[PDB]
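Participant: The following block contains the structure, expressed as structure tokens.
FYI the Cβ positions are ideal-geometry reconstructions off the backbone, even for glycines, and counts take in every protein chain you see. Bear in mind these aren't lab numbers, they're just calculated from the coordinates by the rules spelled out.
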Amino acid sequence: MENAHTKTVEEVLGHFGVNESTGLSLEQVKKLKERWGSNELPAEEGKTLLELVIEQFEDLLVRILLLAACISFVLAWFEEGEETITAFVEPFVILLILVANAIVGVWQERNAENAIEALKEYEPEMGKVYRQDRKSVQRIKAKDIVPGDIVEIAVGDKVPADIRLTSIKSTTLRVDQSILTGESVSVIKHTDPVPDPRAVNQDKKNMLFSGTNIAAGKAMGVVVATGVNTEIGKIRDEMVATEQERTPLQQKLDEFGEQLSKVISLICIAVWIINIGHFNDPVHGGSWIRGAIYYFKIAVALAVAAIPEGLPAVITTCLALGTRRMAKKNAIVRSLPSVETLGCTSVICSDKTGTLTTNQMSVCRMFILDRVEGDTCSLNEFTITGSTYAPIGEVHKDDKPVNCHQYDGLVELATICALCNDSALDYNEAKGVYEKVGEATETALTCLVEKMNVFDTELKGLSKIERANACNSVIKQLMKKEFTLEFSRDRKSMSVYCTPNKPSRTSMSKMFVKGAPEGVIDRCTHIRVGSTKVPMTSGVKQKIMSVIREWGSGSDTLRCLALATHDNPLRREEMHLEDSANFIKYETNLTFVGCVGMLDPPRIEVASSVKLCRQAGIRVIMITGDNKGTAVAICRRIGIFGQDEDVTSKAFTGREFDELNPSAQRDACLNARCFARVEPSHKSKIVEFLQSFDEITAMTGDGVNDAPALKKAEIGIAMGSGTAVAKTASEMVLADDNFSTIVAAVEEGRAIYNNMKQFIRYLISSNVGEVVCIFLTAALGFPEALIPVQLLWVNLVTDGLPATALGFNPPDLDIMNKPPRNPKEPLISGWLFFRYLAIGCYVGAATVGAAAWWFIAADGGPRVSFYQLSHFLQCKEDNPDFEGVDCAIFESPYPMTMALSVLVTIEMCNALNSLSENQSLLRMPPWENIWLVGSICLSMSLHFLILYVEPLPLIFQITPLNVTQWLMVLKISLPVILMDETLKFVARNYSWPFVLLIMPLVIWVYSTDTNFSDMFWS
Ligand code: ALF
Ligand SMILES: [Mg+2]
């Protein structure tokens, strides 16, 4: 059945072959069941850990590292029995870091909440259905309802499937459609067809939708769609068809990984070509026997040197620290990688009710009659302060405190509001927040009554439990409700009959009236001025109507609720209380006591957040299921739209949006800033159109309708008092219900992204330095200087501690005044690429020289020959007298610890001057980041431990160093800071206590004058 709302009830009955009270037969129900299925939303299967691990192992960098570990294990098998189990430490440690990365990634991306199964609890467990031929009413589970079936729904019942209403009992059907519109207001429904092929769910008032409870009233209806074909079915389908896409930083890192893999392949091929020169098959030797292990030892070392192993760990640590800061700001973050993507947000999409507003209806304006002029009257307008159901508020007439006891019209209005309401107010001691037991409008009237002590009741020390209803109880003690007249569609008003409790009261019959201004005023024939009744006149009616229209159609489109009372009601026994037609007849001689106006009020922290978003370059677009007028009024109130701003081509509705031209279809999302009366699919389409412009969108909401948009958007935020569907479909939850936390999170994400760029560049520079070192050692043929396990230790511990310290950098001063960054921004620029490539080349050359320094120019150590004996695998016993030295000195740990110490100290110095992108270290000292110096001294302490503890110098081929060699290492390492400062100065042009600290040290280390002898190849 398509467009069931357009067709009449007879047509939709005939199409299904269904009649009232004889809905279906035992075979027709089976045919409809097999044709469609079951009234159920298929759940999402939980993601198993095995598939998560397999997918996370698909990373190219991880794959290269795993291949390196495997080939290292193969090489270690060929190793002799002379060495101990330390030969297998390398594959073990590489596998350990790989599984550590996998486990930390699982911890990062594991969420127990499921987007469908736990969330779709809106489906009723049981519903009275199946008006088949067997009996009358069948209370069978809603799991197996067929589209042809007839359903009856009662008060508090949840609609099982998409139902096209046929008959309405109790004259009113109040439906709560918050899951599809976000509004808790009761939607009065009818059975008349709406003759439009394309209509939003709000326009469809002849249909019932699954998962929506009934505020009041009972009715009968015929199902139209079930299971996936329902509106909640569309919500679930949107919830499952959206797969989270890698954040822009992750895309940049994947591009870097692909580039790194290709350059690894090229460098490995080049090394293999060069290794042919040293080990040539025409030259008689064991080229295959022993040249293979040397080449593959390079390949494993090259792969280890290229991959920044500690980068995922430090990134996770930084994201976890940012998440902890957010949790200290009362905002719990569910996904760490989405913390940084907050900074690059181009557009913020928001839901009006609950997120921008308080979702607590409160009356803000009210007026009564004080003086009546000739064809004119004087309205005593008041304003109510308060946006919460708590009765803490004051009346303001021209912004002055007012005591309502003196005014008699206010007392009458308060009595009418107290008695003519069915709802009430209660206090939750557990939560500490007053909540509405019934309708929002009647609860707002109750709160207004309690705010002003019209009888001057004493509330000096009343408990919060009894403060909720004290004034209402005092009023109700005076007047008792004999009966009530229910709301009706035709009269659009509510009447309550009351009798005074005092036995000697002269007046004994009063009917209070509360309803829509039009009908109530047209049915009003007198005006209540103070305690005196006044005949009505045309001018007073016209001015009252004009005031109502300006209150309900301007900057603050409040819902208008006219009030009245009946001073001469007919006797109770004279009444015929069966039909609603007699109600309007009995409601004809009212006196206009006054009127009130109410709206959903925005929070007291939204407008500032919106203007701060505008300052930072983020556009805040409001998308809501409410009517366009209220949406625009709230937009103007919170500052999205100007008070006098024209919104002809900037505010749209879903029906307007769908029919719009494709070029204008793009243009609307390009320029418009407010969307109202939109389905959840419309919100998803808005977000998708915004993303099509390559813009990161932040969706904020608190309802089920927001969930498809929250999932579709890159980052989704949910309020801490909204539905669990929004909470679990969003990456961030605002526990304190504070909107400024969003701009705070954007600021923290920008700072986090800056720090992440800094330490990513630092780690990549270290890695390229190690790669250049390995390539130089392979090409020259010199004995190895850096072993892969030393590279693991350097890349993980002594780099992650400085990397975390660099992630602890203070943020930029102008961080929140800058526009959002382009998502396609390269992580490395050309000049910075040149800087870090030069640093890496210097690191490689320095490590190679430090290894060669011990071999050739050893001060106090064994001095080998020139670069002629650079090749060392050709050394053998009974050699042609190359030198009278042992051939086993080439494996000594002294050159290896030389290279390790040079690398570590150069990395420490690089961490010192990686504090800033282009600011020199002289301008801002390392003392600014007190974590940086602490992490660096901790890393030096760790290095000294691995040098001087008992077992550790065995795993790493290193030995303790004497003072002279340590000074040589320092002399080699120091010029890196000078080189970085020079490069920074060139970048810039194309404090004193810190400066005086290093002067006594630089002279002391450089005082010794030690020269070299390697000059022939130069
Ligand atoms: F609360 Al809404 F669209 F206004 F989900
Ligand atoms: Mg909402």
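Participant: Just to confirm my numbers, what's the Cα centroid distance between segment 226-278 and segment 828-855 in Å?
Facilitator: Here the two parts' Cα centres lie 30 Å apart.
Participant: Counting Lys and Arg as +1 and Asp and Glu as -1, each charge on the Cβ, what is the dipole of the chain about the Cα centre in debye, to the nearest 20?
Facilitator: On the way: 98 positive and 122 negative charges, 826 e Å.
It comes to approximately 3960 debye.
Participant: Still on this structure: Under the rule a/c < 1.5 gives rounded, and otherwise a/b versus b/c splits prolate from oblate, where does segment 154-230 land using the Cα gyration tensor? Show your work: numbers first, answer last.
Facilitator: On the way: a/c = 1.26, a/b = 1.15, b/c = 1.10.
Taking the square roots of the gyration eigenvalues as a ≥ b ≥ c, segment 154-230 is rounded.
Participant: For the chain, what is the percent of antiparallel DSSP beta bridges, rounded to the nearest 5? Don't jump to the answer; show the numbers that get you there.
Facilitator: Values: 72 of 95 bridges.
Of the beta bridges lying entirely in the chain, close to 75 percent run antiparallel.
Participant: How many nm separate the modelled label positions at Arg63 and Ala724, each set 7 Å beyond the Cα in the direction of the Cβ?
Facilitator: Modelled inter-label distance: 4.0 nm.
Participant: What length, rounded to one decimal in nm, is gained on full extension from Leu780 through to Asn501, with 0.36 nm per residue of separation minus their alpha-carbon distance?
Facilitator: On the way: separation 279, 0.36 × 279 = 100.44 nm, distance 10.88 nm.
The span from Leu780 to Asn501 would gain 89.6 nm if fully extended.
Participant: Here's another thing I want to ask about it. Which length gain, in nm to one decimal place, applies between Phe92 and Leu52 when the Cα-Cα distance is subtracted from 0.36 nm times their residue separation? Don't skip to the answer; put the middle values down first.
Facilitator: Working: separation 40, 0.36 × 40 = 14.40 nm, distance 2.25 nm.
Here the segment from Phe92 to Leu52 would lengthen by 12.2 nm.
Participant: Label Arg489 and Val106 with points 7 Å out from Cα along Cα→Cβ: what is the distance between them in nm?
Facilitator: The answer from the label model is 5.8 nm.
Participant: Under 1.5 on a/c is rounded, so check that first for segment 651-769, then, if it is not, pick prolate when a/b is larger than b/c and oblate when it is not; a ≥ b ≥ c are the square roots of the alpha carbon gyration tensor eigenvalues. The partial results should precede the final answer.
Facilitator: Numbers: a/c = 2.77, a/b = 1.55, b/c = 1.79.
The shape class here is oblate.
Participant: Calculated FRET efficiency, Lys818 and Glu917, Cβ-Cβ r, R0 22 Å, to nearest 0.05? Could the numbers behind the result be given before it?
Facilitator: On the way: r = 14 Å, r/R0 = 0.65.
E(calc), rounded to 0.05, equals 0.95.
Participant: Starting from the Cα gyration tensor of the chain, take the square roots of the eigenvalues, sort them a ≥ b ≥ c, and report rounded, prolate or oblate (rounded when a/c is under 1.5, otherwise prolate if a/b is larger than b/c, else oblate). All intermediate terms of the calculation are to be shown ahead of the outcome.
Facilitator: Working: a/c = 3.51, a/b = 2.31, b/c = 1.52.
Prolate is the answer for the chain, as a/c is 1.5 or above and a/b outweighs b/c.
Participant: Using a basic spin-label model with each label point 7 Å from the Cα along Cα→Cβ, how many nm lie between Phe1012 and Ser287?
Facilitator: 3.2 nm
Participant: Suppose the chain between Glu458 and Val433 were pulled fully straight at 0.36 nm per residue; how much longer would it get relative to their current alpha carbon spacing?
Facilitator: Taking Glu458 through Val433 to full extension adds about 6.8 nm, to one decimal.
Participant: Sorted by average packing, counted as other Cβ atoms within 10 angstrom per residue and highest first, what order do 832-839, 77-84, 872-879 take?
Facilitator: Values: 832-839: 18.1, 77-84: 8.5, 872-879: 11.5.
So the peptides 832-839, 77-84, 872-879, ranked by packing, come out 832-839, 872-879, 77-84.
Participant: Less than 20 Å apart at the alpha-carbon level, and either on another chain or at least 8 residues along: which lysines does that give for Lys451?
Facilitator: Answer for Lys451, where 20 Å is the Cα cut-off: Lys397, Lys400, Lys436, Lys460, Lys464, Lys476, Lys514, listed by chain and number.
Participant: Go through segment 387-401 residue by residue and turn each phi into a ³J(HN,Hα) via Karplus (6.51, -1.76, 1.60, θ = phi - 60°); whole Hz please, and just put x for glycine and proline.
Facilitator: 10, 9, 5, 4, x, 7, x, 9, 7, 10, 9, 6, 6, 9, x
Participant: Exposure proxy check: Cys613, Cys937 ranked by fewest other beta carbons within 10 Å? Working shown, then result.
Facilitator: Working: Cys613 23, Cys937 12.
Sorted ascending by nearby Cβ count, the order is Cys937, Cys613.
Participant: Right, another one. Round to the nearest 0.05 the FRET efficiency obtained for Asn661 and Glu825 when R0 = 30 Å and r is the Cβ-Cβ distance.
Facilitator: Numbers: r = 34 Å, r/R0 = 1.12.
About 0.35, to the nearest 0.05.
Participant: Same structure again: Between segment 14-64 and segment 724-802, what is the C-alpha centre distance in whole Å?
Facilitator: 42 Å
Participant: I'd like the distance between the alpha-carbon centres of segment 588-602 and segment 608-626, rounded to an integer number of Å.
Facilitator: One Cα centre to the other: 32 Å.
Participant: Take the Cβ-Cβ distance between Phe73 and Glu605 as r, set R0 to 56 Å, and report the resulting FRET efficiency rounded to the nearest 0.05. Could you put the intermediate results ahead of the total?
Facilitator: Numbers: r = 58 Å, r/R0 = 1.04.
With a Förster radius of 56 Å, E is 0.45.
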